[PDB]
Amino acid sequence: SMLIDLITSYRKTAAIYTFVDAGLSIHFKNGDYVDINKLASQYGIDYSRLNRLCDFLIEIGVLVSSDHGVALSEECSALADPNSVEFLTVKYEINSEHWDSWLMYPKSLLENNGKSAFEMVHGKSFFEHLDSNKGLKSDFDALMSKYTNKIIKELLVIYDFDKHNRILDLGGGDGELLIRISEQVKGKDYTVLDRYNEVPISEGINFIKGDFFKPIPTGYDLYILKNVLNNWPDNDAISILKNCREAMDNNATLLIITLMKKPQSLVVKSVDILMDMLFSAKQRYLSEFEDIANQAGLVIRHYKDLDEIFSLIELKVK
């Protein structure tokens, strides 16, 4: 009874989604028990329908039942606060943008053309779409901020940023990485390069409106590519790394912060197929990072894991 459960497990995602999307989850903070009848009235939902949804959520262990009402389980508490990796994943991923594409994914395999499953559906690139769909961009940036904040602590321990002067984050969106590093390391020129509609404003953090497919600005002694190359096939990844080498002098260092694919890595493997669907891209093994680095004329000096799924790679021009 494993296979049928794997196939129908999507309904649990969908049930969690409707509970978040209808704005009900916000009422379940501090494991507080809430009355289904009063919740139905607040949002003008048929109690009968809302009680049946809650019964399904009880069976999948999301909600717990009492004579006081229903509350979120200890394991599913994070549905309460909007700024959790769980809540923001529901907002970012559970929508037509991904689910229309997942349905088109089997066609993108059979029709081997330059179009990703997403491109076939939307008729644009994923990042071209985010320019239009503003709500999804803010959700994307919010989810990416959480994955940045898991890393800052071990990143600041493992790598020495204090030795550098000028730092450039290639594709750093809202400069969360650099904002968080600037918090624990002062006396540094922090700059973020990314394709912006409106350039983000800060103090101490510089924001360039550029493109890493065009020659990258010189002067920087530290370049960073955090969760970028996994959005680009080998030929496009090489293009980005070639421009990095050209922009780098002898002493300059390139930091790759990525989800490292390992023979045992479910979390990284599920995201691998997601990157294929969206960008026709992938997560890469250590050997695959060297392959694209060697073709760009860069050499791997250091590689170390930051946590269970994230890793760091130091590349220098040699």
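When you see a residue number, it is the position in the sequence shown, counting from 1.
Asks: Which wins on mean Cα temperature factor, 183-191 or 84-92?
Replies: According to the PDB entry, the answer is 183-191.
Asks: Could you check which stretch, 267-275 or 245-253, carries the larger mean CA temperature factor in the entry?
Replies: Higher of the two, by average CA B-factor, is 245-253.
Asks: Per the PDB entry, which option out of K115, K137, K146, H98 has the greatest Cα B factor?
Replies: That would be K115, according to the entry.
Asks: Compare the C-alpha B factor of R49 with those of the other modelled residues in its chain, then answer lowest, middle or highest third.
Replies: As the PDB entry reports it, the C-alpha B-factor of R49 lands in the lowest third of its chain.
Asks: If you rank every modelled residue in this chain by C-alpha B factor, which third holds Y33: lowest, middle or highest?
Replies: Highest third - that is where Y33 ends up once the chain's C-alpha B-factors are sorted.
Asks: Looking at the entry's B-factor column for C-alpha atoms only, identify whether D211 ranks in the lowest, middle or highest third of its chain.
Replies: Top third by C-alpha B-factor.
Asks: Which third of the chain does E59 land in by C-alpha B-factor: lowest, middle or highest?
Replies: Bottom third by C-alpha B-factor.
Asks: Would the CA B-factor of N197 place it in the lowest, middle or highest third of its chain?
Replies: It falls in the top third of the chain.
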